[PDB]
Every structure is written in structure tokens, then in C-alpha cells.
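Okay, here we've got a single chain as C-alpha cells, the form deposited in one PDB entry, with questions on binding and movement later.
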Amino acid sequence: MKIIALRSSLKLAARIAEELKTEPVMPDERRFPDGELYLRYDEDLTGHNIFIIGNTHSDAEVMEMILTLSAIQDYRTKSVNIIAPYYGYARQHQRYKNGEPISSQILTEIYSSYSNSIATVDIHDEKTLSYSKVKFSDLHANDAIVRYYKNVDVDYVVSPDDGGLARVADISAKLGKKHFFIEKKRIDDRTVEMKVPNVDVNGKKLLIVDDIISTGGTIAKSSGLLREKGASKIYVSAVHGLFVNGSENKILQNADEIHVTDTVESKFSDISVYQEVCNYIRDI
């Protein structure tokens, strides 16, 4: 097998390659003076199953993935398999107003045209998997998150909204903990929040889990609500830590700690999903 490690995913891809006892093949990569992207893979990938590892979220990341898909065509490879730890544009998986792109659709179509398989970790909404002509697998960071928190004192696992439920139910089951979610709504400028079930959080230690942290607004608000109700400790976890200015400070206003995975590498990437990806590769 050959593991290609793209710029966005050097850390995770390296962890993966080492575990698999194989080279993390990186491109030679630079920008031409006019700003166009240049890539080169001088290693002979002929006859190998190739696993390209890189996020598909920024303009640059998309260009890096597309041009990689072209570069590898120089070789008669056994198969080409895309693994995008964080899959970009998953949030635009339908048209929400007329004349909008279904961004995740056209992009998945493109990737699927040039590969034999696609996989990502905890895609936002699985609708997008249906846009691929090749098998598109949704991998899960659950076990890695459970591994981390087995050595932490936790009373409840909590979803910040009424949508992150399945993940929180699975994670809590594996930790042997109870769980609940927070339903937040705005009714005429004023905010209303319901705990379901209506758990007493007074003096309790809470692990809040979500899939993505962007602006952090969603998790920051719920953390503040729970702190207000007497939570003794709040841990914040997400799979994909984007942390756009200035999410970390909003969250840490009321939460004690932030721990995300290495799908998107940051100072808070304390939980690696390498094992989950290796399983997929081993079986693919």
C-alpha cells in the first residue's frame, strides 16, 4: 500500500503510516509566481493501493486534492482511495434557497470520478454519501473519544442540540454513563433551553460532544447555560476543531477544557483517530 499525506493532514497521516509501517508519501509542493499550485509525486506508485489523506475544506485543500488525483494518474495504480478526515462543504448538502449550489454534491461527484472509494470521519449529515458513485464510507471517532474519557471523571455526556444525539448515546453507552441533550430555541429575541431528559446538573461533571466547532457559538452558549445551573466541570469535545476567531475563548469562558481529534490539527488535538482510519484501510 502507499499512503499519501497531503499538507492539511500531515500529523494524522504520519500517525497512520507509522502504525501501518509504511512511508507517508508527501508531495513536492509549491506555488508558481502567478499563484497556481504545483505538486509532484516522484515515487513510483505503480501497482499499489493508494490512500490519499487530506481535508477537503479550504480552497487550497480542494486544489491539492484535485491536482493529486491527476498526478497519480501518471501511474498504473491498483486502486485509488480518498480519505478526507474532515470533509468540506458537508454543511451545504442541499439547496436551502433557489439558485444555491449543492456544494457537497458536485464536489463528491468530482472526487468520485477519479477514485475507487471515498471515506471521511464523522461527515456532517450522511445525505452527502449518496452523491458518490463509488462507495463513500462514514468513519467514526467515537471509540477514540471513549478511550480518552475513560480516565476522566464524567457524570453525563451531553449533546449541545437535538441532532448530535446518536453519537452522544453511543459514547455514553461505551463510557457507562447517562446522557442528555439540550434543545435551544429563540422565541421572539429571547432564548429558551430545555434539557432532555430534564437532568439535574447541579454539581455534576459534564462532557459536551459535537461534530464540528467553527465559531463555537453553539457549544459556548450551552456550556454557559450548564455552568449557570451549577455544573461543577465542563469538558468540550468535537471531532473537527476548526476554531475560527475567536471560538476557543468564547468556549473557555464557561468550559474547563477542550479536546478535539487530529482530523483538523490544532493545539487542542488531544485525541487521535489514527486507529479508526487504519481499520478502514486494513479492511479496504
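Residues that one form lacks are left out of the comparison. Superpose the two forms; the largest set of C-alphas matching within 1.5 Å is the rigid core. Residue numbers here begin at 1 and follow the sequence given.
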Taking the mean of the C-alpha B-factors per stretch from the entry, tell me the winner out of 183-191 and 71-79.
-> 183-191
If you average the CA temperature factors over each stretch, which comes out higher, 251-259 or 28-36?
-> 251-259
Looking at 161, 100, 122, 155, which has the biggest Cα B factor in the entry?
-> 161
Per the PDB entry, which option out of 178, 205, 174, 133 has the greatest Cα B factor?
-> 133
Ranked against its chain, the third holding the CA B-factor of residue 115 = middle
Where does residue 138 sit by CA temperature factor within its chain: lowest, middle or highest third?
-> middle
Third assignment of residue 281 from its chain's C-alpha B-factors = middle
So, residue 128's CA B-factor, relative to its chain, sits in which third? The middle
Can you work out whether the C-alpha temperature factor of residue 6 puts it in the lowest, middle or highest third of the chain?
-> lowest
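Absent from the display: the form deposited in another entry. The rest refers to it.
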Answer among 94, 202, 191, 130 for the CA shift between this form and the one not shown that reaches 2 Å or more, rigid core superposed | 191
Assert for residue 201-residue 194 (C-alpha, 3 Å or more) in that other deposited form vs reference form: pair farther
Residue 195 and residue 171: do their C-alpha atoms lie closer or farther in that other deposited form than in the form you see, with a change of 3 Å or more?
-> farther
Provide the ranges, sorted by sequence, of consecutive runs with at least 3 residues in which each Cα shifts 2 Å or more between this form and the one not shown, based on a superposition on the core.
-> 183-198
